[PDB]
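Notes follow the structure.
When we count neighbours, we look across all protein chains shown, and the Cβ atoms used for this are built from the backbone with ideal geometry, even at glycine. Taken together, the values in this text are just the output of simple stated rules run on the coordinates, not laboratory data.
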Amino acid sequence: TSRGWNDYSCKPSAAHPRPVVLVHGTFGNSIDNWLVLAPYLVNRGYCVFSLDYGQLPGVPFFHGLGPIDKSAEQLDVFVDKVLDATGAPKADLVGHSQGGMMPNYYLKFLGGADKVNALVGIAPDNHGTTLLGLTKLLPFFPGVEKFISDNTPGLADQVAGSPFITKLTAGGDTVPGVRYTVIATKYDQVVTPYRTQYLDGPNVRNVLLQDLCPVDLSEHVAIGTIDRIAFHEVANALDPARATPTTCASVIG
Ligand SMILES: [Cl-]
Ligand SMILES: [Cl-]
């Protein structure tokens, strides 16, 4: 068995020798964020895995709420067990929103550089956002609204100028030996200005979704959940030597 989703017997093929760890966004979980992307990568031959992180006690479904330094520890644990089960030396990470920013904490302060070949962030808040911007996620996750406040650490830790973001971004954006891809959309309402999502460093590709397809108008949530154009670009980053140009035609299945 050499393709799968959360199949711990999966054995990365020679063509795709790194398992992929999928990292959800704020109010998300391991399943619902990835109902398109995971089978998309399964059918291209990847061993895919996705985790839950930042669970709040007695708050089911809506994760990414706990403190982000701890969420990075949960990521650390998960990646290790994916690598031990699979026998591979490194994983590739793909994350949406909080999920594309949070692994940077893991890379910088928890020894993640040694275990990660690539980090692909889809609309990552890499230099933070505002509470008001995170509020724009709420129409997509109604029913989470009663479990949160201005002080929910998962929310407050994402705010530019917070202790978390200050610490995350004191040094450089990048760490040696990791290939970074950032995919952003100019219709992003949650994390603005959108160029703050980009990473400055020598091994970074920063891609504007609209330069690949000017009429793909996906906003922050759609880009990480259903946007097949964005996912084609994810697939380019996971196997760069076999990449093909991502166009408007990549919506068609
Ligand atoms: Cl845990
Ligand atoms: Cl418009």
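A few notes on this one:
- Listed residue pairs exceeding 32 Å between alpha carbons, taken from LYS11/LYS146; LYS11/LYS108; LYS108/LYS186; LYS115/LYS146; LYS108/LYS146: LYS11/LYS146; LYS115/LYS146; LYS108/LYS146
- Pair-distance distribution P(r) for the chain, from all Cα-Cα distances in 10 Å bins starting at 0: 8, 35, 39, 17, 1 percent.
- Burial ordering of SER162, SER218, fewest other beta-carbon atoms within 10 Å first: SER162, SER218
- Among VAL42, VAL215, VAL48, the ranking by other beta carbons within 10 Å of each residue's beta carbon, starting with the fewest, stands as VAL215, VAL42, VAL48.
- Percentage relative contact order, region 1-156, counting C-alpha pairs under 8 Å, at least six apart: 25 percent
- Sorting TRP34, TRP5 by the number of Cβ atoms found within 10 Å of their own Cβ, with the fewest placed first, yields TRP5, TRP34.
- Residue-averaged 222 nm ellipticity for the chain, from DSSP H runs of 4+ at -39500 (n - 2.57), nearest 500: -7500 deg cm²/dmol
- Under 13 Å, Cβ to Cβ, from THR196 - net charge with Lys/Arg +1 and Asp/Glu -1: -2
- Restriction of the chymotrypsin sites (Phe, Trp or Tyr not before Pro) in region 152-221 to DSSP coil positions whose beta-carbon has at most 15 other beta-carbons within 10 angstrom yields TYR187.
- Among beta bridges from DSSP that stay inside the chain, the antiparallel ones total about 5%.
- The distance between label points at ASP239 and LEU217 comes to 3.4 nm (points 7 Å beyond Cα on the Cα→Cβ vector).
- Put a plus charge on the Cβ of each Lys and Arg, a minus charge on the Cβ of each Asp and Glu, and nothing anywhere else: the dipole of the chain about its Cα centre is then about 460 debye.
- Cα lying deepest toward the dipole's positive end in the chain, options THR244, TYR53, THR169, charges on Cβ: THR244
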